[PDB]
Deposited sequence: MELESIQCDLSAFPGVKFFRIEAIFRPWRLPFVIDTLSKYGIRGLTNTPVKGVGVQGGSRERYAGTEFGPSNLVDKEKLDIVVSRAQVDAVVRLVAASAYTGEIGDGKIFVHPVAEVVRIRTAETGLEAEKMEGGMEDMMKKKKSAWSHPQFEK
């Protein structure tokens, strides 16, 4: 996996958003935590009509430009089950990151 970030010259940070099967959540969290990635935020979400709404898990992680490929690979590998419906990972550009405790 190699993400093309060429449309965002100068962008230092990106958000990795993964939407995947709920039962894989602990596996993804464990992988990321063991690799030293922090800042995970998890939201339960739903992903034909409303009857076809099923539970999914959303995980967002902000990383630096140079980290994107490695982190996407970790997430994909742990969310993977080899079957249709495994979900998708989206990479979004971020303009600024501010830590509340130390902000001006």
Review point. Could you give the ranges of the deposited sequence that carry no C-alpha coordinates?
Key: 1-5, 53-67, 125-154
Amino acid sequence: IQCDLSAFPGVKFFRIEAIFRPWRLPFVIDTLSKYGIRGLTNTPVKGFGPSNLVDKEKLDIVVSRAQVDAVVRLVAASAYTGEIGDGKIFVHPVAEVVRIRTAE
From here on, numbers count along this sequence of modelled residues.
Revision key, fill the gap. Avg C-alpha B-factor, entry values, 82-90 vs 11-19, higher side is 82-90
Review point. Comparing 36-44 with 60-68, where is the mean C-alpha B-factor higher?
Key: 36-44
Practice item. Consider only the C-alpha atoms of the modelled residues in this chain, order them by B-factor as the entry records it, and name the third containing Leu74: lowest, middle or highest. Key: middle
